[PDB]
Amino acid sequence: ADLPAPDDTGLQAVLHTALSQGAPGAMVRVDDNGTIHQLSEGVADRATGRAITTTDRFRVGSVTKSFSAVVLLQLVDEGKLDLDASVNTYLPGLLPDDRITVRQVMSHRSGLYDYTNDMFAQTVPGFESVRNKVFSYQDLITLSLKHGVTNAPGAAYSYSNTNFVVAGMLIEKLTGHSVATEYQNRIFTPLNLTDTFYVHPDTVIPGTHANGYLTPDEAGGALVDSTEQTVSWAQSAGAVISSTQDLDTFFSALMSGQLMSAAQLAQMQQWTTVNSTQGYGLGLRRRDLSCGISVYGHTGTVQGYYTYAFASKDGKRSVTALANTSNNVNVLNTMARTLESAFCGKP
């Protein structure tokens, strides 16, 4: 049915709170079926003092998985990929088990160890070690394969970045084009997303952007500017750059059925249980809100940025919130509240 009115004061309180908890800046945009809501507080660059705004560009991290999933599902629509075929069928000798399918990799049921557990054990030293490095898809898979699988094929949900590194490799193999070209042609261009880029391995964010600040592991540590990095450790799992308006457009288009066939969208929303209030389909998350409504989209965490991009079942209302800091669980939990205010409204 019709959603309650978004609560702008509640949203203001959420942003203000994230600022009191360590986030230099924070903002949220709500596209409510043609009526826009925009709020922001804090700075985009804590050194120069520039204010953050809802037009600022940022790194979306893991939200990138929805972009990748959309490309793969279109490939299914075209007859080039079968979700239930072995990953080894399309990429011979890649994985140690032929029973792991494309569907399992897309929904995090493959058992592949997540190599970031090795890279970022120590947050700051980990970021300094990989920020300027360029990795191939093979490099990452091989890092994952040094460890055994964590469960039998399809047996259980376990989030792993590796799954979407494999996703990127699949896209390039089946199409013969880089993933950048694929995103541009199938998603960016058609949707006219002018603030959305996949520039890997470039370290600059084009145009006006919010800088990201990595919180150190030690309490009271000085913030580290993490804005410029290759994001080569994530690639098809988390290197997309976008804006609130573009992510709002992308998720509203996805949910209203404009990015693929109805048959594939239903496949994408085939939920594996994550916990009591969350689900994961094919590169898509479901969050159950307190007022009894569910939102669809994805979260993203990459050094210096926390992103929440969700939309209603029909795509009529979409929301993108962003705080420019990471490795701060208080800011992470607080920002999730923009969802309650935006979709559930005034308590």
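One-based numbering along the sequence shown.
The stretch 139-147 shows the higher mean C-alpha B-factor when 79-87 is compared against 139-147 in the entry.
Between the stretches 50-58 and 285-293, it is 285-293 that shows the larger average CA temperature factor.
Comparing C-alpha B-factors across 160, 104, 230, 277 in the deposited entry, the largest value falls on 277.
Remark: of 155, 191, 166, 112, 155 shows the highest value [criterion: C-alpha B-factor in the PDB entry]. In the deposited entry, the Cα temperature factor of residue 128 sits in the bottom third of values across the chain's modelled residues. In the PDB entry, residue 63 places in the middle third of its chain by CA B-factor.
In the PDB entry, a CA B factor belonging to the lowest third of its chain's modelled residues is recorded for residue 108. In the PDB entry, a CA B factor belonging to the lowest third of its chain's modelled residues is recorded for residue 212.
Placement of the Cα temperature factor of residue 340 within the chain: middle third of the modelled residues, per the deposited record.
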